[PDB]
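Peer 1: Need coordinates for the following:
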Amino acid sequence: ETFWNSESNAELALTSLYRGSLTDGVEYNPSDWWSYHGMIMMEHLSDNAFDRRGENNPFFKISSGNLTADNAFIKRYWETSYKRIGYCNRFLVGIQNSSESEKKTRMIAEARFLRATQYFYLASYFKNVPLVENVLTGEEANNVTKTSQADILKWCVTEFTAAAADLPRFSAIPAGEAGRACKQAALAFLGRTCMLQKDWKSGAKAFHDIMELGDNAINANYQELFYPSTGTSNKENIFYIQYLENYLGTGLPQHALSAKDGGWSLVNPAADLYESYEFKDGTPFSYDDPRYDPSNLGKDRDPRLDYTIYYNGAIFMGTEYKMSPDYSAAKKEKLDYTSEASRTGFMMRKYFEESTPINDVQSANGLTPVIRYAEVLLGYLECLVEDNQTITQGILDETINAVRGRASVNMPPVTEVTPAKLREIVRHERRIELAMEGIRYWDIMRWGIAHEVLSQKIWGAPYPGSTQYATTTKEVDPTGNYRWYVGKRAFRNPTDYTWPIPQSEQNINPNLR
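Peer 2: Numbering: from 1, shown residues only. You can find the structure just below:
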């Protein structure tokens, strides 16, 4: 009532809309689509990575062929979404009659952006869900009906478009507003919404609008995009989550560092990601190529491999990572099926600013991008290809080659303009560029290839020099490359393209059965 008489009170409410259910530190399940477990660890559901908790862990079961409606992780995603939606709805109603101002107009756009992102993610995975815009009582909420995915996505287009119009451009966001949604953040989600609709023409336009605004650019340094000290002082990270150790610190280090650095090794990259990176001359990787060096897995490979993952013998935080079937379990250096250590032989390097001390691995500074300009450039190109628009070398140079040409990466430029061939090149570049950032599952789902890439066994790092490998891997690598057997998936086509409505909600509301 009187609360809304004050712009500072509106600002306070808006801070809660951004925060959602995120809390300080370690989380054992998602607290938001953008939390470390909600976003980054979705890579565990993809062909890029594995969850150390293993094949029986219900998070991993989301895409392994074993998802059921009583799953605790899908219920978290559902409830945190609808909790934020409900607070956005109250905010949008409550602010309507407050004094007009530029700040009021901006904050309405921020609330609409935030609400629409929740429906974007709900629509990506649950697909057909209640579209709630009004403040409901508990009873009313228990009797809502589903809206189709197509109708939700159309609504998201309208909402992201309206939000973008009234959000400041990226260049107008000062340092003190780091983390706040800009025009380009809303346009990037608009573009992703259009790709889900397969409205490729509209998606190309949304991403191209970001490019033509001219506020963003590819950063010279790839690693620094993901570090707290540098991640907000570049022109590439459009939308991100900043963690400040005195406020809501991130527990990602506790969870994803290895034992030598105080962590629990929860995040484990897989062999199929390791194998995806090109050689330095841009040709595809093969274990049969003489450039493959089992003593230095990142040597003569795309620099993004060593920037993103590490492995036995690599240096991380100034000391050597030791991980092998031959090493000591007491030292948490053994690769096995039980220790508090990597299940694959790989670890994630991305997001860890190695030269800067971390005072508390359970509540650290951190910076996790949600929308990067590299995704915008690759998204634009993907949309043009899918919309049957002619690709020129100029277009390649402004998109895929700007991403590959980043100074710290400097990979050979693409010249392919044949659309069928370019589709696979762009999808692959996107896989490499965005690896371990929580987008791969979203991509393999929307592309309709999840049932192909998640129909397979999961392998780990190669160990040709291991004496214990032959008798301790659950299965000897049938390709002859001595990769560790990690586990398997049997994603169901079509069932696992859609998450079921959580069981508790089906039980309450007959319209959701």
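Peer 1: contacts for stretch 207-218?
Peer 2: When contacts are defined by Cβ atoms under 8 Å, 6 or more residues apart in numbering, stretch 207-218 is touched by residues 169-171, 183-184, 187-188, 191, 235-236, 238, 373-374, 376-377, 379-380, 383, 398, 402-403, 405-406. For every residue, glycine as well, the C-beta is placed using N, CA and C.
Peer 1: switch to 7 Å and redo it
Peer 2: 169-171, 184, 187-188, 191, 235-236, 238, 373-374, 376, 379-380, 383, 402-403, 406 (Cβ atoms under 7 Å, 6 or more residues apart in numbering).
Peer 1: just the buried members of those residues?
Peer 2: 170, 184, 187-188, 191, 236, 238, 373-374, 376, 379-380, 383, 402-403, 406 (16 or more other Cβ atoms under 10 Å).
Peer 1: So which of those sit within strands?
Peer 2: residue 238 (DSSP state E).
Peer 1: Between the buried ones among the contacts of stretch 207-218, which sits nearest residue 86?
Peer 2: residue 188 (24.9 Å; Cβ to Cβ).
Peer 1: how about that closest one, what does it touch?
Peer 2: 210, 238-239, 371, 376.
Peer 1: Reformat these as a markdown table; add distance to residue 339.
Peer 2: Formatted as a markdown table, these follow (distance: Cβ to Cβ, whole Å):
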| residue | distance to residue 339 |
| --- | --- |
| 210 | 45 |
| 238 | 39 |
| 239 | 37 |
| 371 | 36 |
| 376 | 41 |
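Peer 1: Show the contacting residues for the most centrally placed residue in the chain.
Peer 2: The centroid of the chain falls nearest to residue 438 when counting by Cα atoms, centre = their mean (2.0 Å). Going by Cβ under 7 Å, 6+ apart, residue 438 touches 39-40, 42-43.
Peer 1: okay but residue 234 is in contact with residue 219, surely?
Peer 2: Yes. Taking contacts as Cβ atoms under 7 Å, residue 234 lies within contact range of residue 219: 4.2 Å.
Peer 1: where does the residue nearest to the centre of the chain land in three-state SS?
Peer 2: coil (DSSP: H, G, I helix; E, B strand; the rest coil).
Peer 1: Let me see the contact set for the closest residue in space to it that isn't next to it in sequence.
Peer 2: Excluding the flanking residues, the one nearest residue 438 by Cβ to Cβ, 6 or more residues apart in numbering is residue 39, at 3.7 Å. Shown in contact with residue 39 (Cβ under 7 Å, 6+ apart): 33, 368, 438.
Peer 1: Tell me how far the second one lies from residue 28.
Peer 2: The reference is to residue 368. 18 Å (Cβ to Cβ, to the nearest Å).
Peer 1: So for these two, which residue has more residues nearby?
Peer 2: residue 368 (24 against 14; other Cβ atoms under 10 Å).
Peer 1: That one belongs to a strand, doesn't it?
Peer 2: Yes. Per three-state DSSP, residue 368 lies within a strand segment.
Peer 1: From residue 295, how far out is it?
Peer 2: From residue 368 to residue 295 the distance is 33 Å (Cβ to Cβ).
Peer 1: go on, residue 479?
Peer 2: 19 Å.
Peer 1: And for residue 160?
Peer 2: Counting by Cβ to Cβ - residue 160 and residue 295 are separated by 49 Å.
Peer 1: Name the nearest residue to residue 160, sequence neighbours excluded.
Peer 2: residue 190 (4.0 Å).
Peer 1: Contact partners for that neighbour?
Peer 2: 157, 160-161, 164, 206.
Peer 1: now residue 148
Peer 2: Contact analysis of residue 148 by Cβ under 7 Å, 6+ apart lists residue 128.
Peer 1: still on that earlier bit, residue 479 and residue 295: which has the busier surroundings?
Peer 2: residue 479 (12 against 9).
Peer 1: what helix or strand is the residue nearest to the more buried one when sequence neighbours are not counted on?
Peer 2: Spatial nearest neighbour of residue 479, chain neighbours left out: residue 287 (7.5 Å); criterion: Cβ to Cβ, 6+ apart. Assigned by DSSP states H and E, residue 287 belongs to no helix or strand.
Peer 1: my guess is residue 287 meets residue 483, correct?
Peer 2: No. Using Cβ under 7 Å, residue 287 is not in contact with residue 483, being 9.0 Å away.
Peer 1: hey, where'd the helices end up in the stretch 301-450 of the chain?
Peer 2: For the stretch 301-450 of the chain, the helices defined by DSSP state H, counting those that start in this stretch occupy 303-308, 373-386, 393-398, 400-404, 419-433, 440-447, 450-453.
Peer 1: one step back: tell me, how many residues neighbour the residue nearest to residue 479?
Peer 2: Going by other Cβ under 10 Å, the residues that sit close to residue 287 add up to 15.
Peer 1: ok, it to residue 293 distance?
Peer 2: In terms of Cβ to Cβ, residue 287 sits 11 Å off from residue 293.
Peer 1: ditto for residue 237
Peer 2: Following Cβ to Cβ, the distance that separates residue 237 from residue 293 is 33 Å.
Peer 1: higher neighbour count, the two?
Peer 2: residue 237 (26 against 11).
Peer 1: which residues pair with the more buried one across the strands?
Peer 2: residue 372 (DSSP bridges).
Peer 1: Double-check it against residue 227; I have them as touching.
Peer 2: No. Counting by Cβ under 7 Å, residue 237 does not reach residue 227; the two are 10.6 Å apart.
Peer 1: Phi, psi for the closest residue to residue 232 other than its chain neighbours please.
Peer 2: Closest residue in space to residue 232, ignoring its immediate chain neighbours: residue 178 at 4.8 Å, by Cβ to Cβ, 6+ apart. Here is the backbone geometry of residue 178 (degrees, to the nearest 10): phi -50, psi 130.
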